[PDB]
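Read from first to last, the chains carry the letters A, B, C, D and E; within each, the first residue is number 1.
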Amino acid sequence: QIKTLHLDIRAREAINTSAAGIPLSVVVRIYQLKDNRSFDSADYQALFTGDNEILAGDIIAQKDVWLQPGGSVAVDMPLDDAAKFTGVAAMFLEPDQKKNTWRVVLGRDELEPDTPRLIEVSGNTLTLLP
Amino acid sequence: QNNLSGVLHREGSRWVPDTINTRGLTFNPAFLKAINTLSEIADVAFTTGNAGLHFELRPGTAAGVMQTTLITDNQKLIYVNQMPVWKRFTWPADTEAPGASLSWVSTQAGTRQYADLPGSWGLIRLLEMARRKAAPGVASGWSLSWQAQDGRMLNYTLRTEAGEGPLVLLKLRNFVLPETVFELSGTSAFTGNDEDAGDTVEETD
Amino acid sequence: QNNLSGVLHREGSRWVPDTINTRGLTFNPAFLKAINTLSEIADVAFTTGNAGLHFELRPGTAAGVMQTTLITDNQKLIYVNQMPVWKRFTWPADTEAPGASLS
Amino acid sequence: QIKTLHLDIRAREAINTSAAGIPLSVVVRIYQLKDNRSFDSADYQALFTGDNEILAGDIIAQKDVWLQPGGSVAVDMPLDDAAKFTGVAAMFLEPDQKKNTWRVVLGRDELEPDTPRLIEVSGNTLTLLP
Amino acid sequence: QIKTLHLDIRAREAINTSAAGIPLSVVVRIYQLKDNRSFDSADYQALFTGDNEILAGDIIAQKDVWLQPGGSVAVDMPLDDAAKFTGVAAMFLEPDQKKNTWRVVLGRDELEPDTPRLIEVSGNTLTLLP
């Protein structure tokens, strides 16, 4: 299947803008899951600050990337074989927990073994690209 | 309470003079202000004898800077532009290496700490330097500027509990217990505005 | 406070003698010094009855020697010529093997 | 690549001099890193006394060498394969945190498998040699 | 030959002692000479205060080190190629001009390119070490 996890994270200038419209940085976390159901059950608060060890136990490993406004950070991760779902979540100033534009789940099939998949951050949303 | 107990009746939190039922004896107004300030310290910070207050603390909102970190009394506040959520800090802690510091991460550099101040009286030392404070938000409504080097500023918005919190401890600077009471000099003087004017200069600058 | 309450008034931290309003009666200066020293002990170490002070600490700067270590009351100070930074000792501690040494 | 980590640490007489000019000893630590970004982000204080477990977790192993003024200590370390960066940091009396002459990072490529690379300490600075 | 001038200057506690035996500091000068004959002809006075420009013209460059009593100062000098003789002279309170224990001449051959040669100051004399 896929041996090495490759991700490329783009970012425009207007990301995580405050009430003054100020371009702010953001912290994005990468999760290697055995279960995706608990990753779809947690809210914004119990995922980044909570002690849901049912979700944390399904997290095999976690790695935090840290991108400037208007830049990019490449992800070269030795992908675990039990990592059925690559959990991508971000911490905006205004995370829309309702419309759920702050997290995406990338399964085993949608990875590429020698090409990074492109995740673009804009405004306060997460966006994939073909 | 016993040396001039017919003169100054304890009343509320201040000290009221008009209880001598006597004429022909004033006293120095330099004494009566300097005891009112001390009793206002006595009813904000020291409520149980053991000399400790506690005050809610601050989230961060920044402009071109991230990883604003402060440590005091092993009560960390690390902050990387998450959702802003309050904290609660007891000011005299248990045994530790007691002190306080501020450290930020610039866009083009690593961590460089602003200033670390050791000792149990450190939190009131490093908080002196940004008294641009008055804020029209929450009830006790205070903010802090902390203009560090190279133009990067890091804001905070302080919300206290009982009166003025730990900002009232800045009133002790340049404060000496005065000379004589019951002095003949100073017969006619009206200086009942400095207790408003010092906070006027404080809460605007 | 009750055996000679008109003779020695408690004043500040020492004991002032000249409030007897009385003549023909003076006392030994040895007593007046030996109570002043004891009240100076009473207003430095013993503030809350439980008899404990605390005091800031000592870094090292040496000449031809390294690894200066002292222990007191299970509060270590190991020192290998780092940046000198103060620390804090409470002098009577909780249950331990209480003692002190320098190595 | 490189199997065994070999380092040779020279030292003159005037190292870590106090305000009295007194020749003092010093403690040098060797770090085996998976990440060099956090090794370039920490200051003098949070590296030697701090609890930056993000940096400590990237430290695979640590080993502390301990050299006299005017001497040398040879380093024979079984080099880990994930140790992409050999972190070398020292604890002077006056560590210039600004000009950053108190730490060096030696990558995977600049090692030699059967020859120690030479690190010379003088004054309060760290110096490599070809 | 030798590219970089390296010198290590040790000092005990009893250096440049006055009539009261008081440990005093001292100033040592390093000279890069083209001629050693004029460096052996000058006395204590015309070298440190004189205007012997025949000697000063043979001095290519001069550098003054400044050591505490009981300490050391490392010398990292970019060695000139015409500097055939490294002139080392000191200014004691009691410079024995007769027995000439206040100056040494280090030629081109006795330098080491990556190791400092050791000059030890004791009493009011200058001493080399192998």
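Note that a residue touches a chain if its C-beta (ideal position, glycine included) is under 8 Å from a C-beta of that chain, and two chains touch if they have at least 3 such contacts.
Chemist: Hey, which chain is the most central one here, using CA centres?
Modeler: The most central chain, going by mean C-alpha position, is D.
Chemist: Hey, which chain ends up farthest from chain B, C-alpha centres compared?
Modeler: When every chain centre is compared against chain B, the largest gap points to E.
Chemist: So how far apart, in whole Å, are chain A and chain B when each is placed at the average of its C-alpha atoms?
Modeler: About 43 Å, centre to centre.
Chemist: Counting in whole Å, what is the centre-to-centre distance of chain B and chain C, each centre being its mean C-alpha position?
Modeler: 30
Chemist: From the C-alpha centre of chain A to that of chain E, how far is it in Å?
Modeler: Each chain's C-alpha centroid was found; their separation is 65 Å.
Chemist: Centre to centre, by mean C-alpha position, how many angstrom separate chain C and chain E?
Modeler: It comes to 54 Å between the two C-alpha centres.
Chemist: Specify, in ascending order, the residues of chain D that touch 2 or more different other chains.
Modeler: Chain D, residues with two or more chain partners: 20, 22-23, 45.
Chemist: Between which chains is there touch?
Modeler: The set of touching chain pairs is A-B, B-C, B-D, C-D, D-E.
Chemist: Residues of chain D touching chain B in their complex?
Modeler: Against chain B, chain D makes touches at 40-43, 45-46, 97.
Chemist: Chain D touches which residues of chain C in the complex?
Modeler: 61-64, 66, 80-84
Chemist: Note which residues of chain B are touching chain C in the complex, please.
Modeler: So the residues of chain B touching chain C come out as 95-98, 118-119.
Chemist: Within the complex, which stretch of chain C touches chain B?
Modeler: Residues in contact with chain B: 56, 85-88, 90.
Chemist: So in the complex, the part of chain A that touches chain B is made up of which residues?
Modeler: 16, 18, 20, 22-27, 44-45, 48-49, 68, 91, 93, 95
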